[PDB]
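Visitor: coordinates only, sequence not included:
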């Protein structure tokens with residue numbers, strides 16, 4: 001059972017709406033599909049994309065070292081931001097991160113299908 005988790009939101013041009021609410025929906029989804037997780041998350045973090053990996057690691061370091069699981073929302077399917085996230089996760093102990101595109105994670109049509117795909121990655125990390 002994932003007990004301590006939160007989310008990290010990497011800002012794009014447009015502001016994301018309904019994030020906390022979708023995170024709750026996501027946790028419910030995970031529980032229904034056989035991945036036990038506390039239905040409640042600790043308050044999430046939102047930040048613009050920093051200029052360097054060092055700057056990024058400094059910012060998210062406490063977040064990632066104090067949680068078992070972090071759901072990360074990226075503004076676009078940009079593999080460079082994705083890599084920045086994976087580098088920090090690579091040197092952090094006791095945490096798993098999963099990266100998602102914000103629009104897909106939030107948009108009503110196709111949300112459940114997307115949740116299901118993201119759940120594949122989550123399952124592999126814990127199951």
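Guide: In hand now; what should we look at? Numbers count the residues shown, from 1 in each chain.
Visitor: so the most centrally placed residue in the chain bridges to which residues?
Guide: Centroid check for the chain by CA atoms, centre = their mean gives residue 71 as the closest residue, at 1.4 Å. Bridge pairing for residue 71 (DSSP bridges) gives the partners residue 7, residue 98.
Visitor: quick one, what contacts it?
Guide: By CB atoms under 8 Å, 6 or more residues apart in numbering, residue 71 lies in contact with 5-8, 23, 26, 97-98, 100. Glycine gets a C-beta too; all of them are placed from N, C-alpha and C.
Visitor: for residue 42, same thing?
Guide: Contacts of residue 42 by CB under 8 Å, 6+ apart are 4-6, 67.
Visitor: Where do the strands of this protein begin and end?
Guide: Under the criterion DSSP state E, strands of the chain are mapped to 5-10, 45-47, 69-74, 96-101.
Visitor: what would those strands look like in JSON lines with distance to residue 57?
Guide: JSON lines is the format used below for the strands of the chain (distance: least, CB to CB, whole Å):
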{"stretch": "strand 5-10", "distance to residue 57": "12"}
{"stretch": "strand 45-47", "distance to residue 57": "12"}
{"stretch": "strand 69-74", "distance to residue 57": "14"}
{"stretch": "strand 96-101", "distance to residue 57": "13"}
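Visitor: Would you point to the one among the ones you listed that's packed deepest?
Guide: Compared across those, strand 69-74 shows the largest average neighbour count, a mean of 24 (mean count of other CB atoms under 10 Å).
Visitor: can you state the direction angle for that one and strand 96-101?
Guide: On the basis of axes from the mean of the first three to the mean of the last three CA atoms, to 10 degrees, strand 69-74 is oriented at 20 degrees to strand 96-101.
Visitor: All set now, cheers.
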